[PDB]
Amino acid sequence: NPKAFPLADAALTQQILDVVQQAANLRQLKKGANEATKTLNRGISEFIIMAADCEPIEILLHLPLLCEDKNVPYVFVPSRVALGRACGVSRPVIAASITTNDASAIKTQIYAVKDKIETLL
Amino acid sequence: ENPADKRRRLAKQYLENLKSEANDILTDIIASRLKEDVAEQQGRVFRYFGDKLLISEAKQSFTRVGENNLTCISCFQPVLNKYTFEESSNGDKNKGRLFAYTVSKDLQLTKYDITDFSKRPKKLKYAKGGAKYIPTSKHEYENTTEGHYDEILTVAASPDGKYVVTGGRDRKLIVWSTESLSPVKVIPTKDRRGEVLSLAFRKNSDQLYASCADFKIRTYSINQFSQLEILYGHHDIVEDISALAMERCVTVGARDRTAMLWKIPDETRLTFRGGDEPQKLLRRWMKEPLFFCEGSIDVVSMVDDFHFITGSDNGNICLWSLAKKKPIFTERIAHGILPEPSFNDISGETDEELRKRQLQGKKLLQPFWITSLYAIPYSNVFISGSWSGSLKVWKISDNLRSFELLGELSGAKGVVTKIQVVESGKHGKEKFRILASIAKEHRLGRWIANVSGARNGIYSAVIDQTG
Amino acid sequence: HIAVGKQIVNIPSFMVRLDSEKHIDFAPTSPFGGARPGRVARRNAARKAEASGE
Amino acid sequence: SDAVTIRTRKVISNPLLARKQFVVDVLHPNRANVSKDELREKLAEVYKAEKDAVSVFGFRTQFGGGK
Amino acid sequence: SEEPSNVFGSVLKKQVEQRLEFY
RNA sequence: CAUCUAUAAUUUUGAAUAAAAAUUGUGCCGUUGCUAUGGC
């Protein structure tokens, strides 16, 4: 059992990266590990996507602790290059945060992946 | 003195050449050559040189250039017409000078001569943009700055040999002369997110189709310098484009994972989706390893009037016909899986067993994305390329239901950006030059910087055919 | 100022479909997502050019 | 900028009427209401025919315009 | 990290000193 | 684009400089031979 806790399979990972692009399009996703920690402190992060191929796993392993503190679930992607590509940016992001907004038309999708993610945890 | 007499005279010279070439191959077939001209004018896959190639002796030559982050390259090959008989090239001093036009993220377009297949591509001329083409208004429809000012991305030479169009992240389409590289016109996209992604001239015509980043595609008239049409329907960015001699235009969008076959004759479109299921693939394998779900489809080459190939990001290469909604032949990991990262870098802890535990075995392996993918027109062969430095050429079967790997070429190093094929020689013997603009970064975003020995330049592979 | 798909609609009660709500975009004739600015902007630019040339 | 593209659909020859019937679709972006004389001109050129033998009628610009 | 890697510490200080030289 | 001309090739005269007809792979450094290859 490595420190790399929940890491999804191929199809699940695909679909969260697709909600990643749609939330980045609707400005519902924030970028960076330090910014993810910031919105964790803010209490507006609704869930967290993180990487697995970073330098090293620890600088983003600091986030699951605050996740279990502020009951905000999280999961891992295998490729941070893929995570930055679904973020839609030239540089590989390693940690991104889905926020909260009540007037969002994709909220059923986010609550759907919330069900699937909680059954994964 | 009469044009019909002159046409007949050119036909007489044509048939004289045909019969002398027939005598040469001898040391029926003439009408077969005529039917070959008609198939060139319109036909299905007829160029069947998928077995005459000699890939093991294919001479490789990498060419490092000073400019950094090459984005695209466009080869102009002048061909002799069938209806008229002068040329497809415009000038007399050209006489079929094989041209190359490379655009690089240093805002530089460069024309090369590639007229010889043994020598190196010669840097004929160039034109570089800069920040003096930064526009003054920054908030209007007017983007008529004569040079580019931000992140050129794609290029396309017109088939008449008169003009070359360029588009990039400065939401402009500047068309230039091919000799002086003078901006003969510039078309603004009149958009905030209308950035140029990929261009497509209709074969043997000026009808240029521009896949654009605002989820729309613009088709242009080049001789009159205007925008004919815009077509909408992409749920994601209109990432890549491909076109042929007729009024069909295939465009791939990445994150909806969709292949749109746009039909200009109706103004309408047709759809294509994949949908390989890993649980079904694994249960089928149990009826018989890894199964990578499709993240993004990124590249298309329309190989025929009825068939096209699509390279995706998770290693899949899908061949498609117009009859079925499904891919008629999907293909698993093409350039292999990416090599696994290192334990010390993934963990940063002196415990080596915990390091390999963080390496996790199989759960961190990813495949190579098929970065570029080019098909020889109306032929039975096609080429794909990734940042593996392994350019992989395959051939499709005669029944058009499968493709098999012809071979690999290792002269290129890094992210191959754009591939083009130039055929030359007589009718019997054909020499093929496979040129590939290749950089260290992807054209859209960086996403990677450490590829060992990746160089900015062009790789040339010259092969012959014999059989 | 916003067309659905390709069709311009000035009715706020359209009850769109899913493809169409993906296909919401500004009008290409609109001064916002398209053509030249409106009469107010052009008349103010006209009076401003007139005053600066005066 | 503006390019009047004159397109056809549903083209049927009526040799009984010794003619060709077709639905005309005009795209005139950055433009409004091109005249039927010019349409007949361009159509006669496109079909290698004569404008007097060409006839166009019943035209309707869409909501908004441009087509 | 239970047993931290002074190689990473040193390369981090190396990037810091590269920025200091970039000043 | 054609012509014209500049640069680069033959011809003739002069041992030769000379005279004219007339004609028609790098942004930066590096390994490295007679081009290939590192890293920024």
# chains A, B, ... in the order shown; residues from 1 in each chain; ligands from 1
$ residues_around --residues "residue B:130" --least-positions-apart "4" --cutoff "10 Å" --atoms "only C-alpha atoms (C1' of nucleotides)" --output "count of residues only"
9
$ residues_around --residues "residue D:39" --least-positions-apart "2" --cutoff "10 Å" --atoms "only C-alpha atoms (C1' of nucleotides)" --output "MDAnalysis selection string"
chainID D and resid 4:6 24 26 34:37 41:45 51 54:56
$ closest_atom_pairs --of "chain A" --to "chain B" --cutoff "8 Å" --atoms "only C-alpha atoms" --output "tab-separated table"
residue	atom	partner	partner_atom	distance
A:1	CA	B:357	CA	7.4
A:2	CA	B:357	CA	5.4
A:3	CA	B:358	CA	6.7
A:4	CA	B:358	CA	6.7
A:10	CA	B:293	CA	5.5
A:11	CA	B:293	CA	5.8
A:14	CA	B:295	CA	5.8
A:18	CA	B:255	CA	6.9
A:52	CA	B:364	CA	7.8
A:53	CA	B:346	CA	6.2
A:54	CA	B:346	CA	6.4
A:55	CA	B:345	CA	5.9
A:56	CA	B:346	CA	4.9
A:57	CA	B:347	CA	6.1
A:58	CA	B:347	CA	7.6
A:78	CA	B:364	CA	5.6
A:79	CA	B:366	CA	7.8
A:81	CA	B:447	CA	5.6
A:84	CA	B:447	CA	7.2
A:85	CA	B:447	CA	7.3
A:89	CA	B:445	CA	6.4
A:90	CA	B:445	CA	3.9
A:91	CA	B:447	CA	4.9
A:92	CA	B:447	CA	5.3
$ write_last_selection --atoms "C-alpha atoms" --output "PDB file, in the first residue's frame"
ATOM      1  CA  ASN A   1       0.000   0.000   0.000  1.00  0.00           C
ATOM      2  CA  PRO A   2       1.917   3.071  -1.179  1.00  0.00           C
ATOM      3  CA  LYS A   3       1.265   6.639  -0.116  1.00  0.00           C
ATOM      4  CA  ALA A   4      -0.544   7.112  -3.463  1.00  0.00           C
ATOM      5  CA  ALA A  10      -8.617   4.835 -16.901  1.00  0.00           C
ATOM      6  CA  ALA A  11     -12.293   5.596 -17.554  1.00  0.00           C
ATOM      7  CA  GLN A  14     -10.886  10.361 -18.138  1.00  0.00           C
ATOM      8  CA  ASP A  18     -13.522  16.135 -18.612  1.00  0.00           C
ATOM      9  CA  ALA A  52       1.120  11.193  -8.870  1.00  0.00           C
ATOM     10  CA  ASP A  53       4.271  11.975 -10.913  1.00  0.00           C
ATOM     11  CA  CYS A  54       5.425  15.126  -9.113  1.00  0.00           C
ATOM     12  CA  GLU A  55       8.738  16.103  -7.501  1.00  0.00           C
ATOM     13  CA  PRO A  56       7.830  14.326  -5.091  1.00  0.00           C
ATOM     14  CA  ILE A  57       4.442  12.980  -3.949  1.00  0.00           C
ATOM     15  CA  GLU A  58       4.841  14.764  -0.591  1.00  0.00           C
ATOM     16  CA  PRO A  78      -1.347   9.395 -12.955  1.00  0.00           C
ATOM     17  CA  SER A  79       0.001  12.192 -15.198  1.00  0.00           C
ATOM     18  CA  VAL A  81       1.067  16.658 -17.774  1.00  0.00           C
ATOM     19  CA  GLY A  84      -2.286  20.521 -16.889  1.00  0.00           C
ATOM     20  CA  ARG A  85      -3.626  19.620 -20.317  1.00  0.00           C
ATOM     21  CA  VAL A  89      -2.293  25.484 -19.784  1.00  0.00           C
ATOM     22  CA  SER A  90       1.241  25.126 -21.148  1.00  0.00           C
ATOM     23  CA  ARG A  91       2.765  24.036 -17.842  1.00  0.00           C
ATOM     24  CA  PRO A  92       1.974  20.772 -16.028  1.00  0.00           C
TER      25      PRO A  92
END
$ select_by_dssp --residues "chain D" --states "strand (DSSP E or B)" --output "ChimeraX atom specification"
/D:5-14,19-27
$ residues_around --residues "residue D:11" --least-positions-apart "6" --cutoff "8 Å" --atoms "only C-alpha atoms (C1' of nucleotides)" --output "ChimeraX atom specification"
/D:20-23
$ write_last_selection --atoms "C-alpha atoms" --output "mmCIF file, in the first residue's frame"
data_model
loop_
_atom_site.group_PDB
_atom_site.id
_atom_site.type_symbol
_atom_site.label_atom_id
_atom_site.label_comp_id
_atom_site.auth_asym_id
_atom_site.auth_seq_id
_atom_site.Cartn_x
_atom_site.Cartn_y
_atom_site.Cartn_z
ATOM 1 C CA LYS D 20 -33.798 22.717 -64.416
ATOM 2 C CA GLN D 21 -35.458 23.331 -61.068
ATOM 3 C CA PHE D 22 -33.356 23.919 -57.968
ATOM 4 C CA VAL D 23 -33.550 25.591 -54.558
#
$ select_by_dssp --residues "stretch 11-47 of chain D" --states "helix (DSSP H, G or I)" --output "number ranges by chain"
D: 36-46
$ closest_atom_pairs --of "chain E" --to "chain A" --cutoff "12 Å" --atoms "only C-alpha atoms" --output "tab-separated table"
residue	atom	partner	partner_atom	distance
E:1	CA	A:58	CA	7.1
E:2	CA	A:58	CA	10.7
E:4	CA	A:58	CA	10.6
E:5	CA	A:56	CA	10.7
E:8	CA	A:55	CA	9.0
E:9	CA	A:55	CA	11.8
E:11	CA	A:55	CA	11.6
E:12	CA	A:55	CA	10.9
$ write_last_selection --atoms "N, CA and C atoms" --output "tab-separated table (two decimals), in the first residue's frame"
chain	number	residue	atom	x	y	z
E	1	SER	N	8.08	12.91	4.62
E	1	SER	CA	9.10	11.92	4.30
E	1	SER	C	9.73	11.44	5.59
E	2	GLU	N	9.79	10.11	5.77
E	2	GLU	CA	10.39	9.56	6.97
E	2	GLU	C	11.90	9.77	6.98
E	4	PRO	N	14.31	12.07	4.79
E	4	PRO	CA	14.37	13.06	3.71
E	4	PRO	C	15.68	12.99	2.94
E	5	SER	N	15.64	13.54	1.72
E	5	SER	CA	16.73	13.39	0.76
E	5	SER	C	17.44	14.73	0.59
E	8	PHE	N	17.61	16.33	-2.73
E	8	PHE	CA	16.55	17.26	-3.09
E	8	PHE	C	16.72	18.58	-2.38
E	9	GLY	N	17.14	18.54	-1.11
E	9	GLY	CA	17.44	19.78	-0.41
E	9	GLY	C	18.50	20.61	-1.11
E	11	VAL	N	19.47	20.41	-4.36
E	11	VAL	CA	19.09	20.91	-5.68
E	11	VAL	C	18.07	22.04	-5.53
E	12	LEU	N	17.28	22.02	-4.45
E	12	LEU	CA	16.38	23.13	-4.17
E	12	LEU	C	17.17	24.38	-3.83
$ decode --residues "stretch 188-205 of chain B" --atoms "N, CA and C atoms" --output "CSV table (one decimal), in the first residue's frame"
chain,number,residue,atom,x,y,z
B,188,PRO,N,-8.1,39.4,-40.3
B,188,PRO,CA,-8.4,39.1,-38.8
B,188,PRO,C,-9.6,38.2,-38.7
B,189,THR,N,-9.5,37.4,-37.6
B,189,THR,CA,-10.7,36.5,-37.3
B,189,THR,C,-11.8,37.3,-36.7
B,190,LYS,N,-11.6,38.5,-36.2
B,190,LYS,CA,-12.7,39.4,-35.6
B,190,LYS,C,-13.3,38.7,-34.4
B,191,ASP,N,-12.5,38.3,-33.5
B,191,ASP,CA,-12.8,37.4,-32.4
B,191,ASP,C,-11.9,37.8,-31.2
B,192,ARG,N,-12.4,37.3,-30.0
B,192,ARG,CA,-11.5,37.4,-28.9
B,192,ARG,C,-10.8,36.0,-28.6
B,193,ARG,N,-11.4,34.9,-29.0
B,193,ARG,CA,-10.8,33.6,-28.8
B,193,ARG,C,-10.7,32.9,-30.2
B,194,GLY,N,-10.7,33.6,-31.3
B,194,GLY,CA,-10.6,33.0,-32.6
B,194,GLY,C,-9.2,32.8,-33.0
B,195,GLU,N,-8.4,31.9,-32.3
B,195,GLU,CA,-7.0,31.7,-32.6
B,195,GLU,C,-6.9,30.6,-33.6
B,196,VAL,N,-5.9,30.7,-34.5
B,196,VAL,CA,-5.7,29.8,-35.6
B,196,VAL,C,-5.1,28.5,-35.1
B,197,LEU,N,-5.7,27.4,-35.4
B,197,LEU,CA,-5.2,26.1,-35.0
B,197,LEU,C,-4.6,25.3,-36.1
B,198,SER,N,-5.3,25.0,-37.2
B,198,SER,CA,-4.7,24.2,-38.2
B,198,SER,C,-5.5,24.5,-39.5
B,199,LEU,N,-4.7,24.5,-40.6
B,199,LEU,CA,-5.2,25.0,-41.9
B,199,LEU,C,-5.3,23.8,-42.9
B,200,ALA,N,-6.2,23.9,-43.9
B,200,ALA,CA,-6.4,22.9,-44.9
B,200,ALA,C,-6.9,23.5,-46.2
B,201,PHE,N,-5.9,23.5,-47.2
B,201,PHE,CA,-6.3,23.8,-48.6
B,201,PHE,C,-7.0,22.6,-49.2
B,202,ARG,N,-8.1,22.9,-49.9
B,202,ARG,CA,-8.7,21.8,-50.7
B,202,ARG,C,-7.7,21.5,-51.8
B,203,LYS,N,-7.5,20.2,-52.1
B,203,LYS,CA,-6.4,19.8,-53.0
B,203,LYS,C,-6.8,20.2,-54.4
B,204,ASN,N,-5.7,20.8,-55.1
B,204,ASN,CA,-5.8,21.4,-56.4
B,204,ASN,C,-6.6,22.6,-56.5
B,205,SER,N,-6.8,23.3,-55.4
B,205,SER,CA,-7.7,24.5,-55.3
B,205,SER,C,-7.3,25.4,-54.2
